[PDB]
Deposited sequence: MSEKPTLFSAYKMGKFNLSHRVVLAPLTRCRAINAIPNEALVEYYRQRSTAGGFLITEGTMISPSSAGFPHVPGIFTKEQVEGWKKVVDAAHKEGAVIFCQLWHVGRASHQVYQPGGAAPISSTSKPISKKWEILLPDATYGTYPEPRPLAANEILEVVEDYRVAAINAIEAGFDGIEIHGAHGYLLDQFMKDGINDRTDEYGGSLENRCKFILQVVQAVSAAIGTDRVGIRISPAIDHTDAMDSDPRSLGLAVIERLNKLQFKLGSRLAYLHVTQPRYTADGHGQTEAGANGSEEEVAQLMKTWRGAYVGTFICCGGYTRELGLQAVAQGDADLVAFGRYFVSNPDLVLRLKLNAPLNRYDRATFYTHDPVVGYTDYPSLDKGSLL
């Protein structure tokens, strides 16, 4: 029976355990170029046969909504990534690049020529939320511009190019960021998508864009090198269950048509504890609803399932042992615990993470200077 520390065949790739580095935007890729800081950060977190997913990576100049996040749409960026990927591979890691377009979750300061961010809609994220600016202040999300159909195809092409570039850099594959209210989610979620054309209305129409992206990148680099991340549960849908199942149905159908499986489906879940980790005491209620959603979605998807969001050591063990997921990703714990895999294997204490340096730009401080367990001198 599978455990969290058991080997796994993720289609093309042999993994030695089920602990995954979740994608984590950290803003250390100064002027969008992966650098020596990123090399050491991913190297520190690499294990033999361990799966790593990079921070969200720009597919185009309009795809940014954070400062000093890496791109993979220029040769200079590809060359920077090669150094990261080579180091991870030297440690025996398998590593995927997350392809990220933020859509309306941006600001004029992030956009070429100060243009409006692009989206499904003209409606902005409400003033309830604010955006981190390059000068360490917080700003207001602006009104986005709704894409025309031909422009949506231009973005699909940007994903295709980014995937090709990822493989050129040596990445084992890519993950489509279709979660957390960013561009593709702005089309999926009926709370955001108020379009009246062929990209709006039906679940079929709302899933069109993300399916076109999956189709294009699969054609470019192979189904077995493509993972997809979603989060159906200011980005809400009136029926998260049906939305998740709608995406899953279309992925299953595409796999059956093309004759092979995608690398995986990756789904995040919300939590209801004070610190966002773990389970509430035996008898919230929204937690059981969400728990059931995750099992329903996994059950419906034909292939590898990665769960993420508030997983503890115990909940990760249970998810794999009970068959709820094949792989378990960890985000915040991996910020502060470079050797998180070893710490989980030993049930060792976990370093506290410092949220104040999640998105600062120092190559060392709060980035590569969290300690591993003392290995001593053999």
Coverage holes, deposited numbering, ordered by position, sit at 1 to 3, 237 to 240, 291, 387
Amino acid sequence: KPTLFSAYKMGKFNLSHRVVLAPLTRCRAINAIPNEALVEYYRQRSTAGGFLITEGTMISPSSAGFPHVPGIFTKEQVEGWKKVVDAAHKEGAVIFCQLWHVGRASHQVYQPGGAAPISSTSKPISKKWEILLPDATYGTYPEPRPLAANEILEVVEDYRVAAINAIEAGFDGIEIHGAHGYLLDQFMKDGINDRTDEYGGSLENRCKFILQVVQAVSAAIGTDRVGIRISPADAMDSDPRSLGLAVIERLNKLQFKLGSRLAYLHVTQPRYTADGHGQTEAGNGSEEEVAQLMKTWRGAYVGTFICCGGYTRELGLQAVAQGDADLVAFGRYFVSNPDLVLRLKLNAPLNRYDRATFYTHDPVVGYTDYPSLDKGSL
From here on, numbers count along this sequence of modelled residues.
On average, which has the higher Cα B-factor in the deposited entry, 366 to 374 or 17 to 25? 366 to 374
Going by the mean C-alpha B-factor recorded in the entry, which is higher: 274 to 282 or 159 to 167? 274 to 282
Based on the PDB entry, the highest CA temperature factor among the options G178, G303, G92, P240 is that of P240
In this crystal structure's PDB entry, the residue among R145, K83, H101, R250 with the greatest CA B factor is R145
For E79, does the deposited CA B-factor place it in the lowest, middle or highest third of the chain? middle
By the recorded C-alpha temperature factor, relative to the other modelled residues in its chain, which third is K295 in? highest
Where does the C-alpha B-factor of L344 rank in its chain, lowest, middle or highest third? lowest
What third of its chain, lowest, middle or highest, does the C-alpha temperature factor of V214 fall into? middle
Third assignment of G173 from its chain's C-alpha B-factors: lowest
